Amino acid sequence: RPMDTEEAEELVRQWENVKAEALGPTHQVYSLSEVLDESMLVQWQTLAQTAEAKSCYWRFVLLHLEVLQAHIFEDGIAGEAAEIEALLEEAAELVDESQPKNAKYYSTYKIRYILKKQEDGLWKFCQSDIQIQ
């Protein structure tokens, strides 16, 4: 069955805020563990540590976020999982100082997230797959 559209929106925007914080200048790598687990957590966690190691950071402007589809699979006492398909329109700037100019992008892309509810009532993003447009 379908998940509430605003609840998927709030999950994806907390993820996007945490991504901005972890990849940002303050380098809140710990905060990734609030929203991510498993392979997605490992990937973004190594990206955050690499960025902080090379003294680069990221600035974001999230122009549009829209939940295209959202489903929840309450698989009994084994836990629950969910799948969210969202279209992101976002601009970003990598502040690196070993180059004369900072690299920027503006991208509209679809992304599917697979999340799993932990046994504490909280949701955590576990896997993701982009299709860029």
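Residue numbers run from 1 along the displayed sequence.
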Do the C-alpha atoms of 34-42 or of 75-83 have the higher average B factor in the entry? 75-83
Comparing average C-alpha B factors as deposited, tell me which of 16-24 and 113-121 sits higher. 113-121
Considering every modelled residue of the chain and its Cα B-factor in the PDB entry, is residue 62 in the lowest, middle or highest third? lowest
Among modelled residues of the same chain, the CA temperature factor third for residue 69: lowest
Using the B-factors in the PDB entry, rank residue 98's C-alpha atom against the chain and give the third, lowest, middle or highest. highest
Position of residue 29 among the chain's modelled residues by C-alpha B-factor, lowest, middle or highest third: highest
Please say which third, lowest, middle or highest, residue 55 falls into when its CA temperature factor is compared across its chain. middle
